[PDB]
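Accompanying notes for the structure given below.
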Amino acid sequence: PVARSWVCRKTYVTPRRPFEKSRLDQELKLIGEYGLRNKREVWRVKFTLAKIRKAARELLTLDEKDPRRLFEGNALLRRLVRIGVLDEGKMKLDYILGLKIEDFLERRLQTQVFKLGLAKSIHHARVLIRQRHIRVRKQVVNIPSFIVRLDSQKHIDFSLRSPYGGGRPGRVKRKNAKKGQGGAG
Amino acid sequence: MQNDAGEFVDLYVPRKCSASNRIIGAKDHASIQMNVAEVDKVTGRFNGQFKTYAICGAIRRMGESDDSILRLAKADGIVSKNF
Amino acid sequence: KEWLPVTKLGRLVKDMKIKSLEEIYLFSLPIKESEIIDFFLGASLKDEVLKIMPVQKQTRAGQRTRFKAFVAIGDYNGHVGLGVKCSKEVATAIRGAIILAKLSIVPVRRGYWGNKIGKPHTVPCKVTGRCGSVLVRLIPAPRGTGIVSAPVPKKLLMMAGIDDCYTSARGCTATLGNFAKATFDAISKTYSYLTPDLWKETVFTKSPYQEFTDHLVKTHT
Amino acid sequence: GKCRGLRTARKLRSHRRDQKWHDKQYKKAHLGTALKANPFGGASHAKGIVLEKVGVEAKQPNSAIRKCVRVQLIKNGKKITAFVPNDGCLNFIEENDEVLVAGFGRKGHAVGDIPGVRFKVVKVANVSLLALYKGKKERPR
RNA sequence: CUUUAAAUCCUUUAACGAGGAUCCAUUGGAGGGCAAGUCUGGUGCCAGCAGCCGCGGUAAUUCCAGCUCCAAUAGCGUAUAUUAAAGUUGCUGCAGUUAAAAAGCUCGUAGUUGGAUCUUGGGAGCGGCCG
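Chains as they are written, first to last, in the authors' numbering: chain K, 2 to 186; chain W, 1 to 83; chain D, 58 to 278; chain Y, 2 to 142.
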């Protein structure tokens, strides 16, 4: 009898076919285009997309104008819109089945940071994110898997406590300046 | 087939047997499209128009194509009713 | 260098008095010249060999071995075909299989799953096909499901154009020839299945011969 | 299914249970004699003591004499055999040593050209055999 | 500093702290199943590899070593118990002439399953035959 959590849940499923050519090709292409550390992240994205798809199918397989169906569909569609995948003109339940994994990855913090025009390369964006360099709406962000929302899109830039956004320099510039000053005297 | 608007997505409509009301597939070479010409009542002459029939391969293979053609021609008004 | 047709259908398709092969399928005209498909279906036709089984027969002169090739060709828009050819040399066997697969292609039709919105994406019904001791059935799937099957039938279906489908096989799937023929027979009956959508009476368009006899009587003697 | 009556469930269940019981894998997994005859007794591993080293021949046209160990168990005193997997690892095993024995992996079935051997050696003298092969560790002396 | 019964842990901030950034990432494989060498050197039905087929007989792509290579990558291999694959336990949904399998035949108590036929139309109306 201890006050604990006991709640755990996986987030990925390993493909049943171990050695496939097309599957590896698509996974490698996605990792290369969007800068992923390993196949676990594309697997977790596939798992959550499959969960969303099966939930949509379960909601769709019932009759029209069912209050539970309408409530759950409206909630899920609003969640998808505020995440930033669907548009304002596509608010129908059957449009859920026509989503792509690239649509989910393009809302990643890493790729959005790379795209908005403050990092040279996507790997550069990821390494900038991981080393705590920029913030999201007056809050410092650290993890590139941050699912960026819709309203929280125009208020992300460099941080105040960063050498790039205006602040005290880092660890190498001060050391080089000290070395130069010591050499000068 | 239909859609939101109402247009057709089937790239071709297949044929259909005039006797057994069964459609004709693409790789069904036994199907026959028969043309029967009518005769003007005034004197008896060829005019230029015709009547088209279609029989699936199964009917001919089983051997009831001639009876079906006879029935179709009788119904259309070619074969005499008393016969 | 220009293609010389043999039958009068070749004359019609070469002289450009025909517009498409859809009515060729509609009238169920057999195809004997493999270049008609090339004329109609251009660079969008892709072929891929499946497997090579060296068949070996024994005689008084010792064992005799030759190769039989399986290949599937078809554009990714609704036309799919299979070809089988056996020859002494493997390369000539591949060419013959390609020619035979090009000669025999059956168009397929696709439907929707409940919500009839957009372009067709799945098999309209629960088609079936059996040859030898292999039975393959195709079940419609919602959008984005994919092609869940063995690699060879998945390749064949995605070559045909049916992106969403469910499959179920029974028997000796190890024999690639019988399994491929069964999954081709199952996909070749998607049109030959009377659906209440097609209950309308069909108007009999005149046969191409009956309309172009005035040209075929003077082209070839 | 043959009997399809709306009130025929007991007969169907009895026939199904009989046909399931008279099977092979279900019968093996649901009878006490199979586990009683198992040298381990349903355990994944079991320690033993070496009695003498023995060599065995081949079965298919694969002539190569292979060396095993005649090991006597500890829990029940059963005397079994054990194959030494890797190359030239028989020298690492001396007489009367603590050896951990595990099955080969085919569920108590002879494998390959080695007749009558269903086990293998994984640990000797509380030291892993893989470490003794790669030289990462060393057998105490 | 802060937290805390007092402390450790997390966060915050000073002062240091990286170029082969030696502040150096392993586990099983490279014949097919199953993604990856007719590479090089060594023993030659021996030593061994091998879940299966099989690889070794003086040119071994399969054994022993080096380079290269593929898979997951703070993780990977092995034994066991078990689930889907098993439409090889089949209620959905398996088979019984020749591959495993219809009692030698009939009667028969339980159990199971049982033919047809008993109810119908109009009145008024919301409305463009029928909502």
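Beta carbons: idealized from backbone N, C-alpha and C, even for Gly.
{"Check": "Residues in the segment 27 to 43 of chain W having any Cβ partner in chain D nearer than 8 Å", "Outcome": "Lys-27, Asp-28, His-29, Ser-31, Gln-33 and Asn-35"}
{"Check": "Straight-line Cα distance separating K/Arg-79 from D/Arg-166", "Outcome": "36 Å"}
{"Check": "Within the segment 83 to 116 of chain D, ranges of the beta strand (DSSP E) (whole runs, at least 3 residues)", "Outcome": "104 to 116"}
{"Check": "Residues, ordered as in the chain, of the segment 51 to 70 of chain K that lie near chain D by beta-carbon distance below 7 Å", "Outcome": "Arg-54 and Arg-58"}
{"Check": "Reduced DSSP category for D/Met-73 - H, G, I as helix; E, B as strand; rest coil", "Outcome": "coil"}
{"Check": "Best match in K/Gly-90, K/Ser-122, K/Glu-65 and K/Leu-63 for proximity to K/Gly-33 [C-alpha to C-alpha]", "Outcome": "K/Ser-122"}
{"Check": "Cβ neighbour criterion (16 or more within 10 Å) applied to Y/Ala-47", "Outcome": "buried"}
{"Check": "Spatial neighbours of K/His-125 in its chain, beta-carbon cut-off 8 Å, leaving aside the 5 residues before and after", "Outcome": "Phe-115"}
{"Check": "Environment of Y/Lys-121 [buried if 16+ CB atoms lie within 10 Å]", "Outcome": "buried"}
{"Check": "Every unbroken alpha helix (DSSP H) inside the segment 128 to 196 of chain D [4 residues or more]", "Outcome": "147 to 160"}
{"Check": "Closer than 7 Å to chain D by CB, residue 86 of chain W", "Outcome": "Within the shown structure, residues of chain W are numbered from 1 to 83, placing residue 86 of chain W beyond reach of any answer."}
{"Check": "Cut-off 6 Å between Cβ atoms - residues of its own chain near D/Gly-135, not counting five sequence neighbours on either side", "Outcome": "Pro-164, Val-165 and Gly-218"}
{"Check": "Selection of the segment 5 to 28 of chain W by Cβ proximity to chain D, strictly under 9 Å", "Outcome": "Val-9, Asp-10, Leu-11, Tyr-12, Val-13, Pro-14, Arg-15, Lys-16, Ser-18, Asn-21, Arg-22, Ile-23, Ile-24, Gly-25, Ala-26, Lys-27 and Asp-28"}
{"Check": "Residues that DSSP places opposite Y/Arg-71 in a beta bridge", "Outcome": "Y/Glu-53 and Y/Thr-82"}
{"Check": "D/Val-106 and D/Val-128 closer than 7 Å at C-beta", "Outcome": "yes"}
{"Check": "For D/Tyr-223, the first and last residue of its enclosing alpha helix (DSSP H)", "Outcome": "First-last for D/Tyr-223: 222 to 228, but that is the beta strand (DSSP E), not the alpha helix (DSSP H)."}
{"Check": "Contacts of D/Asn-134 in chain K (Cβ-Cβ under 9 Å)", "Outcome": "None at all; the shortest Cβ gap to chain K is about 19 Å."}
{"Check": "Range covered by the beta strand (DSSP E) that runs through Y/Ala-103", "Outcome": "99 to 104"}
{"Check": "Interface flag, D/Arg-194 vs chain K, CB-CB below 7 Å", "Outcome": "no"}
{"Check": "Proximity to K/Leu-61 [Cα-Cα], best of K/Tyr-96, K/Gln-111 and K/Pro-16", "Outcome": "K/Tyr-96"}
{"Check": "Residue closest to K/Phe-159, alpha-carbon to alpha-carbon, out of K/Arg-172, K/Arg-136, K/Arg-175 and K/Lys-176", "Outcome": "K/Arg-136"}
{"Check": "Residue environment, W/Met-62, which counts as buried when at least 16 other CB atoms sit within 10 Å", "Outcome": "exposed"}
{"Check": "Any C-beta of chain D under 7 Å from that of K/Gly-118", "Outcome": "no"}
{"Check": "Complete alpha helix (DSSP H) runs within the segment 85 to 155 of chain K (minimum length 4 residues, chain order)", "Outcome": "102 to 106, 110 to 116 and 123 to 131"}
{"Check": "Separation of K/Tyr-13 from Y/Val-85, as counted between CA atoms", "Outcome": "39 Å"}
{"Check": "Contact under 7 Å by Cβ, Y/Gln-73 with Y/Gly-49", "Outcome": "yes"}
{"Check": "Backbone secondary structure at D/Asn-235 - three-state DSSP", "Outcome": "helix"}
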